[PDB]
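S.K.: Chains as they are written, first to last, in our numbering: chain A, 857 to 1072; chain B, -17 to -1; chain C, 7 to 241. Take this structure first; my questions come after.
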Amino acid sequence: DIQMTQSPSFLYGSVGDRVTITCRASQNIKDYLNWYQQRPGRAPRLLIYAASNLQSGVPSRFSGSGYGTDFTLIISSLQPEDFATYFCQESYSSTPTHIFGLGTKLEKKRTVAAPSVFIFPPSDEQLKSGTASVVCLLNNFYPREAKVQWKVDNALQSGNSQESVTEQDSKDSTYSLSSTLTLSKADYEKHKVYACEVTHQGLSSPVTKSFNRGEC
Amino acid sequence: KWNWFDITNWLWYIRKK
Amino acid sequence: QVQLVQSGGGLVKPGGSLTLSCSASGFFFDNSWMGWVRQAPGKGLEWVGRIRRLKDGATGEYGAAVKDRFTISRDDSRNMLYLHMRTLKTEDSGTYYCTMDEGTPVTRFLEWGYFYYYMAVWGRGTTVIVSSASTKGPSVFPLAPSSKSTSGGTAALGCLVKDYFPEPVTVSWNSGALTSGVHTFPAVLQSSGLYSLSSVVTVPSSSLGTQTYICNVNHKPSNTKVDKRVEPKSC
């Protein structure tokens, strides 16, 4: 199986910047590699084929290079229409489980901003129905990478939460993230302390927001 | 009908004599 | 310009079948290889397969994840490309793009007979949702502001829009009067097969005593509308 590893997952740039996207193949595929661009709300389009050949109509600021295992897509003068997701694609073989890289999303650059953290207990109306949703909000942070860990009476929770993140804000270029911990009513009423622990580059150490059912 | 695949096939035939 | 008009798709139960259609114009369809690529919600591209010209034998080739269950066919007399799918699974959900494909012969001598292949023109895509869920309107629960949802001189509040199907819901605050500081999150698909999303807003703490906050939720598929007033709670 040929594995394509694309990096970074999120790339941050400003208009006019030169940015570089990399793709590594797990084995030598010579120049059998294509690059695609998926702009917001649009179908993908071909940028580069056979490692370095520009498709007709593609602007000059795009170039590709590489032969063997290491390939690069370079955008020399980033334009607003270039804020998009980019995928590499091996064309050496049709049998691999995944012939595309997982994608690189090109985002707008700004200064680091730590999240503001908020926690919400379940409502009495929901509990009456048999379920308890606890919500942790991380608001207006940058960059996008963030970790949320749930603890209930100091037990680390796993497999019973889901996260969602907004698109980059158009006016301040930040992200927000919601994490929802879902428990049964019975389980919620057998524990006291509910805590969301947040790790982010803007924080010197992880921040915890928590409440106790005795006071909540 | 002539396209890139036809050329590829002719080149295969040449490499194999 | 090359046009690839796509049709079909929609909702189907797991274990069911579907045929997607792609109507091509603006090029010599008969002399073109064609293919399909898909994309699960919020995920990356996955190659579905390709089909050669009739004069090549009309051979279909398929991606690893679909080979047992998918067939590509073409009707040159109508410029139609099809993707026939059976025994569908929830993970087959996503957007399906038809593609007009092209190739370039490799000219390195030892690779004469091989080709560079690429998807040159892509259709807009067709949405497929594979789900056992029945149409259902959401419950709407408050995310009540408290001492544990303050930051500086501000407070966060919101509404949790839970257990609906299918997408989408819309959320406004105060009938559209409140837009600043609102974040409405993308929906998540729960293990139940139902969707959930949250909408939040940050406001001055000074406004909680005097300003009312109501989230207005509309779920057209079930013809359900809810207005939820969100009040502070001690926490």
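Here a beta-carbon is modelled for each residue, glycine too, at the ideal position from N, C-alpha and C.
Going by DSSP, what residues sit across from C:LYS168 in a beta bridge?
M.R.: Per DSSP, C:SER145 and C:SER202.
S.K.: Taking C:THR208 as the reference, which of C:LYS226, C:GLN196, C:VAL188 and C:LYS154 has the closest Cα?
M.R.: Nearest option by C-alpha distance: C:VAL188.
S.K.: Does C:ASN37 come within less than 7 Å of chain B when only Cβ atoms are used?
M.R.: Yes, its Cβ sits closer than 7 Å to a Cβ of chain B.
S.K.: Does A:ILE858 come out as helix, strand or coil in the three-state DSSP assignment?
M.R.: Correct three-state label for A:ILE858: coil.
S.K.: Is C:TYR103 close to chain A? Criterion is C-beta to C-beta, closer than 7 Å.
M.R.: With 7 Å as the cut-off, C:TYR103 counts as an interface residue toward chain A.
S.K.: Residues of chain C with CB closer than 7 Å to the CB of A:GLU981, please, in chain order.
M.R.: Result: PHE147.
S.K.: Just verifying my parser: in three-state terms, what is the DSSP assignment at C:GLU97?
M.R.: Helix at C:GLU97.
S.K.: Quick one: what's C:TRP39 bridged to in DSSP?
M.R.: Partner(s): C:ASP107.
S.K.: Compare the C-beta of B:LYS(-1) with all C-beta atoms of chain C and state if any pair is closer than 7 Å.
M.R.: Not closer than 7 Å to any Cβ of chain C, the Cβ of B:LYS(-1) fails to qualify, so no.
S.K.: Show which residues of chain C have a CB atom less than 8 Å away from the CB atom of A:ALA881.
M.R.: What A:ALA881 touches in chain C: nothing, since even the nearest Cβ is about 15 Å away.
S.K.: Go through its chain and collect everything with a Cβ distance to C:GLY131's Cβ below 7 Å, but skip five positions before and after it.
M.R.: Excluding residues within five positions, the ones whose Cβ falls inside 7 Å are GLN12, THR101, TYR102 and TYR103.
S.K.: Tell me the rounded alpha-carbon separation between A:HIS1047 and A:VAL990.
M.R.: Near 13 Å, if we compare the C-alpha coordinates of A:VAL990 and A:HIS1047.
S.K.: Pull out every residue of the segment 930 to 961 of chain A whose Cβ sits closer than 8 Å to any Cβ of chain C, in chain order.
M.R.: Those would be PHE943, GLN945, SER947, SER950, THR951, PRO952, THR953, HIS954, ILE955, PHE956, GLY957, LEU958 and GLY959, in chain order.
S.K.: Kindly give me the distance between the Cβ atoms of C:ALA150 and A:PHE976, rounded to whole angstroms, as I take these residues to be in contact under 8 Å.
M.R.: With 8 Å as the limit, C:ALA150 and A:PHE976 qualify as a contact, their Cβ atoms being about 7 Å apart.
S.K.: Counting contacts by CB-CB distance shorter than 7 Å, is A:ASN1016 in contact with chain C?
M.R.: Chain C, which has no Cβ nearer than 7 Å to the Cβ of A:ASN1016, makes this no.
S.K.: What is the rounded straight-line gap between the Cα of C:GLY63 and the Cα of A:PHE956?
M.R.: Approximately 27 Å, taken between the alpha carbons.
S.K.: Between A:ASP857 and A:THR953, is the Cβ-Cβ spacing less than 7 Å?
M.R.: Yes. Within cutoff.
S.K.: Give the interface partners of C:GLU108 over in chain B, defined as CB-CB distance under 8 Å, in chain order.
M.R.: Going along chain B in sequence order, the residues near C:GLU108 (Cβ under 8 Å) are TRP(-14).
S.K.: Alpha carbon to alpha carbon, how far is A:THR941 from C:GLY50? Give it in angstroms, no decimals.
M.R.: If you take the alpha carbons of C:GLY50 and A:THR941, they lie about 9 Å apart.
S.K.: Counting only the same chain and skipping the five closest in sequence on each side, list residues whose C-beta sits under 6 Å from that of C:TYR123.
M.R.: These residues qualify, in order along the chain: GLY109.
S.K.: Could you tell me which of C:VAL54, C:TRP53 and C:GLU117 sits nearest to A:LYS886, measuring between CA atoms?
M.R.: Checked all of C:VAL54, C:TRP53 and C:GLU117; the closest Cα to A:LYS886 is C:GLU117.
S.K.: Distance check for C:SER152 and C:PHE171, CA to CA, integer angstroms please.
M.R.: Taking the straight line joining both Cα atoms gives about 31 Å.
S.K.: Taking the alpha carbon of C:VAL236 as the point to measure from, which residue in C:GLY215, C:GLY55, C:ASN37 and C:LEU163 has its own alpha carbon closest?
M.R.: Checking every option, the nearest Cα to that of C:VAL236 belongs to C:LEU163.
S.K.: To the nearest angstrom, how far is the alpha carbon of A:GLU1053 from that of C:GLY182?
M.R.: A:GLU1053 and C:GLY182: Cα-Cα distance of roughly 33 Å.
S.K.: CA-CA distance, C:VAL8 and C:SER31?
M.R.: Distance between the alpha carbons of C:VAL8 and C:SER31 is about 6 Å.
S.K.: Rounded to whole angstroms, what's the CA-CA distance from A:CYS1072 to C:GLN217? Just pull it up for me.
M.R.: Between A:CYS1072 and C:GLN217, the C-alpha separation is close to 23 Å.
S.K.: Going by other Cβ atoms of all chains shown within 10 Å of its Cβ, with 16 needed for buried, is C:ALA161 buried or exposed?
M.R.: When all chains shown are included, C:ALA161 counts as buried.
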